[PDB]
Amino acid sequence: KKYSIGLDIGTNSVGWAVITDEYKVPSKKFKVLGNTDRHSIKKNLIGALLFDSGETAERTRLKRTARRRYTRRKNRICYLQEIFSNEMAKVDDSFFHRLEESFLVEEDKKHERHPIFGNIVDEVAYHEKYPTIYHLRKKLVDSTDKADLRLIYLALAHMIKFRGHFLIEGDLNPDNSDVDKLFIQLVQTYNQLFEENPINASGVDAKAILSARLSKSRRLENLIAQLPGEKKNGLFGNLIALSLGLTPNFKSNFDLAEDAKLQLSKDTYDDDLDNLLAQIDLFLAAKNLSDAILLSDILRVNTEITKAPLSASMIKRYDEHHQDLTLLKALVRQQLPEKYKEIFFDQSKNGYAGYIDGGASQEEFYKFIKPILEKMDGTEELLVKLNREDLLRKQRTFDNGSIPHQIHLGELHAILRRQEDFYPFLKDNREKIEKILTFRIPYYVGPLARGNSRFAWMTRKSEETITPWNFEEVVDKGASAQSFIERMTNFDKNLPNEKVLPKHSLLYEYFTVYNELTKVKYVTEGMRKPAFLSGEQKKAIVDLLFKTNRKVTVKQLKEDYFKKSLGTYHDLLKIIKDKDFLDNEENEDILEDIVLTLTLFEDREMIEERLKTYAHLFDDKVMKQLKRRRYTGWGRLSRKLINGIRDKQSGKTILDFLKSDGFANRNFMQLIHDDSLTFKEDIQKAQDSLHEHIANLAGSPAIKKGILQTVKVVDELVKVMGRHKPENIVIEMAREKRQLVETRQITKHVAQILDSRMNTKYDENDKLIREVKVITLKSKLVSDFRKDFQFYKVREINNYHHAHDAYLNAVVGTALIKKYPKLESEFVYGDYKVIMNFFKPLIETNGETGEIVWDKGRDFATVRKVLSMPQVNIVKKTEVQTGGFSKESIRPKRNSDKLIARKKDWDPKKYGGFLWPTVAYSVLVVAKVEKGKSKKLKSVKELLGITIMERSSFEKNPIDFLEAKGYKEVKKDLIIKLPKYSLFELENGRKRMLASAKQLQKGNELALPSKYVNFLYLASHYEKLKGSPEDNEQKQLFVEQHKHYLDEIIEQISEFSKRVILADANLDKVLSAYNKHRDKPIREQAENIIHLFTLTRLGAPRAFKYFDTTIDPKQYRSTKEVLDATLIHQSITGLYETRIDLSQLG
RNA sequence: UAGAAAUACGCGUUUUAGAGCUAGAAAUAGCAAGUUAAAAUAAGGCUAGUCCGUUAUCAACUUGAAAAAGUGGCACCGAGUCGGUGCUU
DNA sequence: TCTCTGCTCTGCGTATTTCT
DNA sequence: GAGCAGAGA
């Protein structure tokens, strides 16, 4: 009557089993609903549930951020058009309308087809004058003529739209650091400051480090050659410590700045008051040469002086492209005239036409064309340009990502400065346009929502619409940054209503420095028994040792106190340098407010906003130091548990006990685990949907699906056996490779989940009556149990192994707890306060109680019988598919009606569009369709695919949507929603899973008997066993006596494939390759048949390789066959079905 | 060592614009040119925000707007995917 | 005109921050 | 899985 549930949770499967107390699996007749004639079906209580893996939110978040990026870029262009509109409406009123209409075909445009000037002659004159946009940008930067307003708009919009990166914090400017000649300013500044004053010996300047990856080994000898080595560090030539940041905060070379500790390049190069700016410019030349090195990595050489180096570089790139194109065309005309057509006309060969007009990248084009250049001659400069990857480049490439926004800002500022005198409105709001260019939303403000986003946290000061200009006076930056941090910090596990402290909080140090010291003992000559440190002794070691050394260290613990962390305290005592104000605890709440602020915020002026209320306590220079100190890391527990929770025994919260208990020292965990002290019931009093009850819990997104499916499997399995509760549930835990780590995460909470949902009734004497022992096992035990008693799994044949593993889980679990009852508290979850050889006398018992726990003999027979069962409930979970509407690439225009439009008014016979849509779920319809030249209603019944785009419009009103598809007189009740992997049964018990509206999938399972899978495991692993010798030699002799098993395996494959797979050509190719290869050795034959079971695999058809050939898979490319089949509606365990005979409809 | 969120960048794809010329009933053939720009980048939605739109959830049936709740007898002998036999309403 | 066989097609590279 | 074209009716 009693039973036990075995489970096996994976990333794609949940195997379940139900055993009775003699390890037999029961079977029952289950009721069949539906209009079929079969009314009751016998089923075994063992099976598995397979599903697609759950996906992370990663791709969704990336596409959401991309959506917001494109929205904000379009808003930038709209702001710029708003600024320009009033004046631009006097020279070309339809201009912005033409730019909007530019995508449309010649007929769909309302205005003339030439966007910029609106006629052919001015447009072609413009394109001959400025071949690229960069010619126009350089012309507007350099020339001083009054330009046409439209060209100004194109230039400004081209910088505002494609504005480059923001990774450089400073004021990067290519108006002083164009060329690498900074030696004169650097050396003259050095010799103006210093006395002995060496002089230049090599002018290589930045081009030394330009040629290599950064290292001391590059720059040391080069700076010695540049400048003779009077000062091996601090020569103040171009050197790595001044050019490039140092990650450790090592002291400076010389006491010009008190040996200031070095940092990376940041805003801290503007403020260095503590050691440099208040005590001592060389560093102006240093940052100038940093500008020099980085621009020389990104900007080519400029011999002409100009305010637009990037546009000049792009013009140079264009001109060299033109010259090498002309030279290459002449060379190919002269020496290889037959290749000219292939190179310059054929746009599918990765030639020049395929690189410009086709889809070949620069790398592919170079790889194609380089043998052509090498076999020719006169190509030397082209070959070396190709070797430097600077042959026939394009102005817009993958390498433009290194360009910082300061260069575009300089060019835009130069254009506005030149052209402001002719257009007054350009001068009136130059700051507005620059603000449009340079504004970013801060990463701590997040989306600028109005309470309709589930991601936003922004708090706005005023009901105004946010814009780049009014941003500062509309968003409360302080509150928004605080909310940006506070939403991520987690509550403590003991009281989920108070925010935890920073790790550098002083109260957390009065936890920390005495918590470890509480359970340390001092054992010496002074007494005969070990004693904990007294509170007075703890205070003494703190005051002497820990108040001079941050880190606990047992060597100095010995040789400091007994022969005679506080890092925040030490730093704050080397800043304020007053021990009184730190030892003062009366004022400590304001000090924790300071600690909280320096933990929350990193942008410095926000630090000033939080510190304004404390200016009266301290002088200004130490607030400037406070800007430079930053705290990271958060504490593990809350302020109420720190101090607030007064006890009823001593007036001593935990940290008061850690400070001073004298003897009988009690640690944090013992104090909170104690109930006789009034902390445990406080934790108890401190404490309606399973979905939320797992949502905020930790876990990989894949495994959480498996856990929820496991819980629903347990619920339905309990429901199946008439609400009688189990007494054991066995769970996978491979704790001490993604599978290993994901299965180790599982048992942090699944045992809690099952124990909470299972055990729910209690009494007054005990607050839970333990009725289900939640067993938990490691896969190692089931592994040697499999490999030690000839029950081998092979994963390639069938999905029964999941259920088989579940069965093994249950049997070894129950047989272990019955064998060692006293070891419940090691494995049973719910009650704990902190081997395998007995399976190998024939009858084993607990002994302390005479119950039989294992019977070598009938038990192994029962297990063999269960593994040899043919019927195992495999159920593929039907899911409505969700995700992207279609594949992402935009196919060119075609005269096909399968192209999906990109927009409402973009007919995809003129504009192209997407292909390969994804069906959410198919829908069986039965209606009349007007087929035939003579329009007359033939009744039809066919499947239809409802794609993800059409899903909402279908569920809004199915009848109108189907009538729009052409169907007439749709039988509304007869509409059947069929998700993916909907299961159908056909003749001879041949099942098919519906992969889509127009494709099927294989559905049956080859239930190969246990002797053959044992043989195949013993064969395919032929000389890789590494066990006891005589055992593997008798296994060798066993596989040697049984070669005929191979031939009967092939008959099984032929029979199953002739019954269910219906792939004739695949079958006799397999048979012919077998018959022509029957003489090969056993290992290769058995391994190739193990690949050969892919023919009979559940799921999609897939190609597979034999000894000498790959056999193409037979795809089932139509669903006409299932419209007269038995559709099966399987429950989650698959025991409850609902068969619909579709042939009786319409 | 990974999950989850935010702010940005560079490409890519698509259609249009960048007058192709000559010899020709041409099917065409010779020759020149090629680097750039606009717009879109899930269709779209309404609370109209510089917001949201690809994560999670989901067998069937009966109630319920929804949330949700409920609905399927047992033992034994066998096993080609479950079959048979015997009690019970 | 409506179903089968055989072969081809498929968005990408980076950053800065967070919290766990 | 879908797409596409090229044959069997």
# chains A, B, ... in the order shown; residues from 1 in each chain; ligands from 1

call {"tool": "closest_atom_pairs", "arguments": {"of": "chain D", "to": "stretch 9-19 of chain C", "cutoff": "12 Å", "atoms": "only C-alpha atoms (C1' of nucleotides)", "output": "JSON lines"}}
result
{"residue": "D:1", "atom": "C1'", "partner": "C:10", "partner_atom": "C1'", "distance": 10.6}
{"residue": "D:2", "atom": "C1'", "partner": "C:9", "partner_atom": "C1'", "distance": 8.7}
{"residue": "D:3", "atom": "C1'", "partner": "C:9", "partner_atom": "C1'", "distance": 7.9}
{"residue": "D:4", "atom": "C1'", "partner": "C:9", "partner_atom": "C1'", "distance": 10.3}

call {"tool": "interface_residues", "arguments": {"of": "chain B", "to": "chain A", "cutoff": "10 Å", "atoms": "only C-alpha atoms (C1' of nucleotides)", "output": "ChimeraX atom specification"}}
result
/B:1-19,34-44,47,49-61,72-74,79-83

call {"tool": "closest_residue", "arguments": {"among": "A:620, A:8, A:108, A:682", "to": "residue A:803", "atoms": "only C-alpha atoms"}}
result
A:8

call {"tool": "interface_residues", "arguments": {"of": "chain A", "to": "chain D", "cutoff": "12 Å", "atoms": "only C-alpha atoms (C1' of nucleotides)", "output": "compact mmCIF listing (two decimals) with N, CA and C atoms, in the first residue's frame"}}
result
# COMPACT_ATOMS: atom_id res chain seq x y z
N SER A 886 10.78 36.26 -36.42
CA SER A 886 11.35 35.60 -37.59
C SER A 886 12.86 35.69 -37.50
N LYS A 887 13.54 35.12 -38.49
CA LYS A 887 14.98 35.30 -38.61
C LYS A 887 15.31 36.75 -38.93
N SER A 896 7.82 37.19 -54.47
CA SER A 896 7.34 36.09 -53.65
C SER A 896 6.45 36.65 -52.55
N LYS A 898 5.96 35.07 -49.66
CA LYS A 898 6.41 34.58 -48.37
C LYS A 898 7.29 35.58 -47.62
N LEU A 899 7.70 36.66 -48.27
CA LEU A 899 8.46 37.70 -47.59
C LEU A 899 7.56 38.45 -46.61
N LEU A 915 12.36 36.38 -43.64
CA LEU A 915 11.91 35.03 -43.96
C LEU A 915 12.09 34.15 -42.72
N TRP A 916 11.62 32.91 -42.84
CA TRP A 916 11.61 31.93 -41.76
C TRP A 916 10.91 32.42 -40.49
N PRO A 917 9.60 32.67 -40.54
CA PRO A 917 8.89 33.00 -39.30
C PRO A 917 8.77 31.80 -38.38
N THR A 918 8.56 32.08 -37.10
CA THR A 918 8.38 31.04 -36.10
C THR A 918 6.90 30.93 -35.76
N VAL A 919 6.36 29.72 -35.84
CA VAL A 919 4.97 29.48 -35.47
C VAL A 919 4.86 29.37 -33.95
N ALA A 995 6.02 18.97 -35.29
CA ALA A 995 7.08 19.96 -35.14
C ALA A 995 6.63 21.35 -35.55
N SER A 996 5.70 21.45 -36.49
CA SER A 996 5.15 22.72 -36.96
C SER A 996 3.88 22.40 -37.74
N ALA A 997 3.29 23.43 -38.34
CA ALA A 997 2.14 23.24 -39.22
C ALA A 997 2.49 22.47 -40.49
N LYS A 998 3.77 22.41 -40.85
CA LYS A 998 4.20 21.80 -42.11
C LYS A 998 5.35 20.82 -41.92
N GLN A 999 5.57 20.33 -40.71
CA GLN A 999 6.65 19.37 -40.49
C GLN A 999 6.34 18.50 -39.27
N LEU A 1000 6.67 17.22 -39.38
CA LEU A 1000 6.50 16.28 -38.28
C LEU A 1000 7.85 15.84 -37.75
N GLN A 1001 7.79 15.10 -36.66
CA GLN A 1001 8.94 14.64 -35.92
C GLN A 1001 8.69 13.19 -35.53
N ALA A 1100 14.08 14.77 -33.72
CA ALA A 1100 14.25 15.15 -35.11
C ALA A 1100 15.16 14.17 -35.85
N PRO A 1101 14.93 13.96 -37.15
CA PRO A 1101 15.89 13.19 -37.95
C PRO A 1101 17.19 13.95 -38.09
N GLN A 1115 13.63 13.46 -43.92
CA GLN A 1115 12.77 14.46 -43.29
C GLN A 1115 11.31 14.23 -43.66
N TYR A 1116 10.44 14.27 -42.65
CA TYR A 1116 8.99 14.17 -42.84
C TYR A 1116 8.44 15.58 -43.05
N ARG A 1117 8.25 15.95 -44.32
CA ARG A 1117 8.07 17.34 -44.71
C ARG A 1117 6.61 17.70 -44.96

call {"tool": "select_by_dssp", "arguments": {"residues": "stretch 415-525 of chain A", "states": "alpha helix (DSSP H)", "output": "PyMOL selection string"}}
result
chain A and resi 415-419+424-428+430-438+477-486+506-518

call {"tool": "atom_distance", "arguments": {"atom1": "atom CA of residue A:655", "atom2": "atom CA of residue A:570"}}
result
20.2 Å

call {"tool": "residues_around", "arguments": {"residues": "residue A:234", "least_positions_apart": "2", "cutoff": "6 Å", "atoms": "only C-alpha atoms (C1' of nucleotides)", "output": "ChimeraX atom specification"}}
result
/A:231,236,253

call {"tool": "write_last_selection", "arguments": {"atoms": "N, CA and C atoms", "output": "PDB file, in the first residue's frame"}}
result
ATOM      1  N   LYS A 231      68.412  58.972 -14.136  1.00  0.00           N
ATOM      2  CA  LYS A 231      67.278  58.669 -13.259  1.00  0.00           C
ATOM      3  C   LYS A 231      66.497  57.536 -13.918  1.00  0.00           C
ATOM      4  N   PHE A 236      61.738  61.793 -17.063  1.00  0.00           N
ATOM      5  CA  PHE A 236      60.784  62.717 -17.688  1.00  0.00           C
ATOM      6  C   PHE A 236      61.045  62.907 -19.182  1.00  0.00           C
ATOM      7  N   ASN A 253      58.355  58.309  -8.188  1.00  0.00           N
ATOM      8  CA  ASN A 253      59.804  58.194  -8.335  1.00  0.00           C
ATOM      9  C   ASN A 253      60.557  59.166  -7.432  1.00  0.00           C
TER      10      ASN A 253
END

call {"tool": "residues_around", "arguments": {"residues": "residue A:824", "least_positions_apart": "2", "cutoff": "12 Å", "atoms": "only C-alpha atoms (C1' of nucleotides)", "output": "list in words"}}
result
residues 728, 770, 772, 773, 774, 775, 776, 813, 814, 816, 817, 818, 819, 820, 821, 822, 826, 827, 828, 829, 830, 831, 832 and 833 of chain A

call {"tool": "write_last_selection", "arguments": {"atoms": "C-alpha atoms", "output": "JSON list (two decimals), in the first residue's frame"}}
result
[["chain", "number", "residue", "atom", "x", "y", "z"],
["A", 728, "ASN", "CA", 10.27, 8.84, 0.67],
["A", 770, "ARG", "CA", 7.90, 14.26, 9.78],
["A", 772, "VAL", "CA", 8.04, 12.13, 4.21],
["A", 773, "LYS", "CA", 11.76, 11.48, 4.52],
["A", 774, "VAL", "CA", 13.18, 13.62, 1.73],
["A", 775, "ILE", "CA", 16.13, 11.46, 0.71],
["A", 776, "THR", "CA", 18.98, 13.04, -1.23],
["A", 813, "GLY", "CA", 17.66, 5.41, -1.56],
["A", 814, "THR", "CA", 15.09, 3.29, 0.27],
["A", 816, "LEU", "CA", 19.97, 2.60, 2.18],
["A", 817, "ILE", "CA", 17.69, 4.26, 4.76],
["A", 818, "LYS", "CA", 16.24, 0.89, 5.73],
["A", 819, "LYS", "CA", 19.76, -0.55, 5.98],
["A", 820, "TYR", "CA", 21.00, 2.34, 8.20],
["A", 821, "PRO", "CA", 17.97, 3.93, 9.91],
["A", 822, "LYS", "CA", 20.14, 5.76, 12.46],
["A", 826, "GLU", "CA", 22.96, 12.63, 7.51],
["A", 827, "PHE", "CA", 20.75, 12.40, 4.40],
["A", 828, "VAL", "CA", 17.11, 13.16, 5.31],
["A", 829, "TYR", "CA", 16.54, 16.90, 4.97],
["A", 830, "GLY", "CA", 14.60, 18.79, 7.65],
["A", 831, "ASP", "CA", 16.18, 17.38, 10.83],
["A", 832, "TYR", "CA", 19.95, 17.70, 11.15],
["A", 833, "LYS", "CA", 22.04, 19.31, 13.88]]

call {"tool": "closest_residue", "arguments": {"among": "A:169, A:540, A:801, A:736", "to": "chain C", "atoms": "only C-alpha atoms (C1' of nucleotides)"}}
result
A:169

call {"tool": "residues_around", "arguments": {"residues": "residue A:637", "least_positions_apart": "2", "cutoff": "10 Å", "atoms": "only C-alpha atoms (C1' of nucleotides)", "output": "list in words"}}
result
residues 490, 491, 492, 493, 494, 495, 498, 499, 500, 501, 502, 503, 508, 634, 635, 639, 640, 641 and 642 of chain A

call {"tool": "write_last_selection", "arguments": {"atoms": "N, CA and C atoms", "output": "short mmCIF file (atom, residue, chain, number, x, y, z; two decimals), in the first residue's frame"}}
result
data_model
loop_
_atom_site.label_atom_id
_atom_site.label_comp_id
_atom_site.auth_asym_id
_atom_site.auth_seq_id
_atom_site.Cartn_x
_atom_site.Cartn_y
_atom_site.Cartn_z
N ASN A 490 20.76 43.02 -1.05
CA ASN A 490 19.79 42.05 -0.57
C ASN A 490 19.62 42.17 0.93
N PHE A 491 18.44 41.77 1.40
CA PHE A 491 18.19 41.74 2.83
C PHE A 491 18.94 40.57 3.46
N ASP A 492 19.06 40.61 4.78
CA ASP A 492 19.67 39.48 5.47
C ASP A 492 18.71 38.30 5.51
N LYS A 493 19.27 37.10 5.69
CA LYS A 493 18.47 35.89 5.74
C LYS A 493 17.65 35.76 7.02
N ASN A 494 17.88 36.62 8.02
CA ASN A 494 17.21 36.49 9.31
C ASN A 494 16.04 37.44 9.50
N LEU A 495 16.11 38.66 8.97
CA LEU A 495 15.02 39.63 9.09
C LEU A 495 14.90 40.33 7.74
N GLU A 498 15.01 44.99 6.70
CA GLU A 498 15.99 46.04 6.92
C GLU A 498 17.19 45.85 6.00
N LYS A 499 17.66 46.95 5.42
CA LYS A 499 18.82 46.93 4.55
C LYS A 499 20.11 46.63 5.31
N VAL A 500 20.95 45.77 4.72
CA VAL A 500 22.21 45.40 5.35
C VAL A 500 23.18 46.57 5.33
N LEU A 501 24.20 46.48 6.18
CA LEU A 501 25.25 47.48 6.27
C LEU A 501 26.28 47.31 5.15
N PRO A 502 27.07 48.35 4.87
CA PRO A 502 28.32 48.15 4.14
C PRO A 502 29.30 47.25 4.89
N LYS A 503 30.17 46.59 4.13
CA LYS A 503 31.21 45.77 4.73
C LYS A 503 32.17 46.62 5.57
N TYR A 508 29.81 46.75 11.77
CA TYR A 508 30.15 45.44 11.26
C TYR A 508 31.56 45.06 11.70
N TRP A 634 29.46 44.79 0.71
CA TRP A 634 28.35 44.95 1.64
C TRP A 634 28.32 43.85 2.68
N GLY A 635 27.73 44.17 3.83
CA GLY A 635 27.66 43.23 4.92
C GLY A 635 26.60 42.16 4.73
N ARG A 639 21.19 45.91 10.60
CA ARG A 639 21.46 46.80 11.72
C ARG A 639 20.63 46.46 12.95
N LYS A 640 19.41 45.94 12.76
CA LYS A 640 18.62 45.48 13.90
C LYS A 640 19.33 44.35 14.64
N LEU A 641 19.90 43.40 13.89
CA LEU A 641 20.67 42.32 14.49
C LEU A 641 21.99 42.83 15.04
N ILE A 642 22.50 43.95 14.50
CA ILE A 642 23.70 44.59 15.05
C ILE A 642 23.45 45.01 16.50
#
